[PDB]
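S.K.: The structure that follows is given in the form of structure tokens.
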Amino acid sequence: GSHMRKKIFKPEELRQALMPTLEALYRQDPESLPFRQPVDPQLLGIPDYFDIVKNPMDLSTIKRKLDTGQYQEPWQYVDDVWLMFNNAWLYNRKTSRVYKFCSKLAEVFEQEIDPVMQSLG
Amino acid sequence: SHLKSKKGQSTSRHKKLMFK
């Protein structure tokens with residue numbers, strides 16, 4: 001709506017802040033192994049995926065556009081990251097075999113986006 | 001039975017990827 005602060009400053013300065021948060025969200029660890037292999041109606045999707053995900057992604061996709069100047073703005077990046085998270089959060093329970101390998105990425109990147117100033121204000 | 005008999009769809013308890 002209005003009164004926000006997710007532009008930070010420049011698209012390139014964002015590629016930088018995106019790097020550190022890339023190390024967090026994308027630490028090449030087991031926590032980030034299943035994130036790039038989510039579920040979708042095109043392949044063994046799950047019941048009702050338009051209210052809990054609508055447009056899911058794979059950590060490898062947002063990464064193919066992250067290193068480039070495609071999703072340097074936290075608005076677009078945080079949009080896919082957050083959705084890519086909600087894609088595996090709105091129905092991953094709180095302690096089952098789905099809300100865990102991604103909960104470490106949500107807690108480690110949510111701390112790297114503030115630095116990215118997407119959460120600046 | 002030989003042919004289907006009032007079957008229709010069946011949720012069969014399916015909770016997304018938190019089980020399969």
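Labeling convention for the structure tokens: chains A, B, ... as they appear, residues from 1 per chain, ligands from 1 in order of appearance.
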Could you list, as a PDB file with N, CA, C and O atoms, in the first residue's frame, every residue within 8 Å of residue 16 in chain B, counting only C-alpha atoms and ignoring same-chain residues fewer than 5 positions away?
M.R.:
ATOM      1  N   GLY A  45       1.365 -33.007  -7.092  1.00  0.00           N
ATOM      2  CA  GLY A  45       1.032 -31.794  -6.295  1.00  0.00           C
ATOM      3  C   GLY A  45       0.194 -32.203  -5.081  1.00  0.00           C
ATOM      4  O   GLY A  45      -0.169 -33.352  -4.930  1.00  0.00           O
ATOM      5  N   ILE A  46      -0.117 -31.276  -4.218  1.00  0.00           N
ATOM      6  CA  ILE A  46      -0.940 -31.630  -3.025  1.00  0.00           C
ATOM      7  C   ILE A  46      -2.315 -30.957  -3.101  1.00  0.00           C
ATOM      8  O   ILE A  46      -2.494 -29.995  -3.821  1.00  0.00           O
ATOM      9  N   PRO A  47      -3.259 -31.513  -2.377  1.00  0.00           N
ATOM     10  CA  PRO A  47      -4.646 -30.992  -2.407  1.00  0.00           C
ATOM     11  C   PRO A  47      -4.690 -29.480  -2.180  1.00  0.00           C
ATOM     12  O   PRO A  47      -4.035 -28.947  -1.306  1.00  0.00           O
ATOM     13  N   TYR A  91       1.397 -25.513   5.076  1.00  0.00           N
ATOM     14  CA  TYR A  91       0.846 -26.876   5.323  1.00  0.00           C
ATOM     15  C   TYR A  91       1.956 -27.858   5.705  1.00  0.00           C
ATOM     16  O   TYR A  91       1.837 -29.049   5.499  1.00  0.00           O
TER      17      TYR A  91
END
S.K.: So that I can see what lies close to range 67-82 of chain A, please list as number ranges by chain the residues with an atom at most 10 Å from it, counting only C-alpha atoms and leaving out residues fewer than 6 positions away in the same chain.
M.R.: A: 5-19, 22, 25, 55-59, 61, 88-89, 105-106, 109-110, 113, 116-119
S.K.: Per residue of chain A within 9 Å of chain B, note the shortest atom pair and the distance in Å to one decimal, counting only C-alpha atoms, and order the rows by chain and increasing residue number, as a Markdown table.
M.R.:
| residue | atom | partner | partner_atom | distance |
| --- | --- | --- | --- | --- |
| A:38 | CA | B:17 | CA | 8.8 |
| A:39 | CA | B:17 | CA | 7.3 |
| A:44 | CA | B:17 | CA | 8.7 |
| A:45 | CA | B:16 | CA | 7.3 |
| A:46 | CA | B:16 | CA | 4.3 |
| A:47 | CA | B:16 | CA | 6.2 |
| A:48 | CA | B:16 | CA | 9.0 |
| A:91 | CA | B:16 | CA | 7.6 |
| A:92 | CA | B:18 | CA | 6.5 |
| A:93 | CA | B:18 | CA | 8.0 |
| A:96 | CA | B:18 | CA | 6.9 |
| A:97 | CA | B:18 | CA | 5.9 |
| A:98 | CA | B:18 | CA | 5.8 |
| A:99 | CA | B:18 | CA | 8.8 |
S.K.: Limited to C-alpha atoms, could you put the picked residues into a file as an mmCIF file, in the first residue's frame?
M.R.:
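Resulting contents of again_34.cif:
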data_model
loop_
_atom_site.group_PDB
_atom_site.id
_atom_site.type_symbol
_atom_site.label_atom_id
_atom_site.label_comp_id
_atom_site.auth_asym_id
_atom_site.auth_seq_id
_atom_site.Cartn_x
_atom_site.Cartn_y
_atom_site.Cartn_z
ATOM 1 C CA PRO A 38 9.201 -28.877 -3.682
ATOM 2 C CA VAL A 39 5.806 -30.164 -4.869
ATOM 3 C CA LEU A 44 2.417 -35.171 -7.432
ATOM 4 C CA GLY A 45 1.032 -31.794 -6.295
ATOM 5 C CA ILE A 46 -0.940 -31.630 -3.025
ATOM 6 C CA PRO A 47 -4.646 -30.992 -2.407
ATOM 7 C CA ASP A 48 -5.615 -27.313 -2.792
ATOM 8 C CA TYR A 91 0.846 -26.876 5.323
ATOM 9 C CA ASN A 92 4.127 -28.303 6.666
ATOM 10 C CA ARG A 93 2.807 -28.758 10.236
ATOM 11 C CA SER A 96 6.638 -33.286 10.905
ATOM 12 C CA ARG A 97 8.821 -34.291 7.929
ATOM 13 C CA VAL A 98 8.187 -31.065 5.977
ATOM 14 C CA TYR A 99 8.490 -28.041 8.306
#
S.K.: Would you please work out which residue, of A:86, A:2, A:111, A:21, is nearest to residue 54 in chain A when using only C-alpha atoms?
M.R.: A:86
S.K.: Expressed in Å to a single decimal, how great is the separation between CA of residue 33 in chain A and CA of residue 101 in chain A?
M.R.: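 So the answer is 7.9 Å.
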